[PDB]
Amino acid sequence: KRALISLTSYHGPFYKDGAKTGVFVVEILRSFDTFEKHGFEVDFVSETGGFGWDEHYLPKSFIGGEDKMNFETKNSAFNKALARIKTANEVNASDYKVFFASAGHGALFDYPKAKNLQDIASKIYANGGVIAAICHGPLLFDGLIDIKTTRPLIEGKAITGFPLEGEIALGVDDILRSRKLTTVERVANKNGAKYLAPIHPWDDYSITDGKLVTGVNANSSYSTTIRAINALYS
């Protein structure tokens, strides 16, 4: 039983104050821990094999509980996997039964064009596995193809993910226009899917539609991981 968590590989500029974006560490900590407590062996991966933390969301500023210890303990299960982070094109998809797409505002840049991660995810899904994605993670769905039909994998599906209202609240909706970046909702409509919104951008909100599982944010990471595990055995 193996799960594969993808990270955004982009960690360049984004924010107006010069600070760089990247991975939101809370997302992968919660997901990694939940998988491994439920009998899965987890590996990390990105399109390039590299990544960085969003600079407005530095680990020590946001991490709490026992995943704070997991991050800081150098020899932990989380750190052994993170140091072993794989490069997408080198990954054998048949090793994994669950694909989990973690995010951060970096996913706005690489995920829609991450052809190798998409290849991995679409193959896992083809063999009867689960594709899961949280926050900006569903951006990986843009260009994600059903091997059999050649149509978008998420066509006719219901998904959730980070809402436009969340970006406005964060004051980054202008950056989306400036840097020609998209939203999960746009990706949904572009690919024949329906987008379902949470009441608030910070809510723990999740959707299971067959073996395609989505969540709104890091606060939804645990629930989306549980949904992914349940979906695999459905």
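We number the residues from 1 along the sequence you see.
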item	value
Given 149 to 157 and 103 to 111, the range whose Cα B-factors average higher in the PDB entry	149 to 157
Mean C-alpha temperature factor, higher of 179 to 187 and 57 to 65	57 to 65
Selection by C-alpha B-factor (highest) of 120, 139, 83, 98	83
Residue 169 by Cα B-factor - lowest, middle or highest third of the modelled chain	highest
Chain third (lowest, middle, highest) by recorded CA B-factor, residue given as residue 70	highest
Ranked against its chain, the third holding the CA B-factor of residue 40	highest
Cα B factor band for residue 133 (lowest, middle or highest third within the chain)	lowest
CA B-factor placement of residue 78, once the chain's modelled residues are sorted into thirds	highest
